[PDB]
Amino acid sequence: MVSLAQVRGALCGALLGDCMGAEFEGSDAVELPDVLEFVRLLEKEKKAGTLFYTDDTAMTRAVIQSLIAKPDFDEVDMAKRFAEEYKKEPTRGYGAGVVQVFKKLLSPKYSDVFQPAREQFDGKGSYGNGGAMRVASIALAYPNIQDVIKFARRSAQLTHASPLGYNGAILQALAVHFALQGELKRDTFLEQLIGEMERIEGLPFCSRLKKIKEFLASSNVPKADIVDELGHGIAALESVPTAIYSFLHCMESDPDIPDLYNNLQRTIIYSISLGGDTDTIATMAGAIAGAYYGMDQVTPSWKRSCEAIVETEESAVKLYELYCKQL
């Protein structure tokens, strides 16, 4: 039985990952000591809301507003909200490509809201993680896996028309889905994901998911090896599996991370420690961790530092109602 605590956990986890990840974004070597210092300073900050969220959260909030306005899923309403949000706050840190999608939706020239995304990169569409970064809410609003899949795909295809783009969104949404279903063991969790992705792709994402299995079966896997094989890039293929690994890895102790950090905190710290697109990787791993461990692991000293923490917590209630309605 999914609880409010898990839905709120997911969203607050996504918000923390974004806000804290943003601070290290695009450094392709990050050092864990920097992350630990950052976190310690964060806990001591007397002023609340010192960390601003980025496009990841901006788009997340737009998804949520759309689901609440239109619980049956309205891709037209959603597209409009994405475009209006971009227009309202263009400097939140959007990918250079996706900006063109928003401008086409804002223009009066397109009646098919999917068409701008189809036109990206000489008709190939974006392979970026921007579809995945905002998708978690689909899993929080829709209990049935078939809904999760088709709405993850469609929400993603508003900006990401490449299969790599939108299958990454599907994968991230499935990861959050299976994290919500209670205390799944690692092996079953991955079996669940590999099962679904073979059908969906049938295989880039399955390949990476298989390597994740491999890695988890080993111990003391260098971060370099994780980055080398799974990636830490703005591409969905190189970020969504990496987020899933971070979550799965951080279900147990990491020798480098003090055990006085809880699992969700560990998850965020570890994600950021991998470098690259740290905002987006941490927001995704954080969403999965939040869903799994819930709000009890979203500590007051961490969350209070995030722009829009209050609004986010409020929004969780409305999402949770959607979820409950669907049962």
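Start at 1 with the first residue shown and count on from there. Heads up, when I say rigid core I mean the largest set of C-alphas that superpose within 1.5 Å between the two forms.
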Between 27 to 35 and 280 to 288, which one shows the bigger average Cα displacement from this form in 7 other deposited structures of this protein once the rigid core is aligned?
27 to 35
Given a rigid core fit, name the stretch, 180 to 188 or 68 to 76, whose C-alphas are on average farther from the form shown here in 7 other deposited structures of this protein.
180 to 188
Deposited residues missing from the model between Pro222 and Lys223 number none
Selected stretch [higher average CA B-factor]: 99 to 107 or 166 to 174:
99 to 107
Please compare 153 to 161 with 204 to 212 and name the stretch with the higher mean C-alpha B-factor in the deposited structure.
204 to 212
Highest Cα B-factor in the deposition, which of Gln181, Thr242, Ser137, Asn129?
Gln181
Name the residue from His249, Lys185, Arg81, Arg92 with the greatest C-alpha temperature factor listed in the entry.
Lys185
Place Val7 in the lowest, middle or highest third of its chain's C-alpha B-factors, as listed in the PDB entry.
lowest
State the tercile, meaning the lowest, middle or highest third, of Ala141 with respect to the CA B-factors recorded for its chain.
lowest
Taking the chain's C-alpha temperature factors as the reference, tell me which third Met133 falls into: lowest, middle or highest.
lowest
Comparing against every modelled residue in the chain, figure out the third that the C-alpha B-factor of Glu31 lands in (lowest, middle or highest).
highest
Chain-relative CA temperature factor third for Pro300
middle
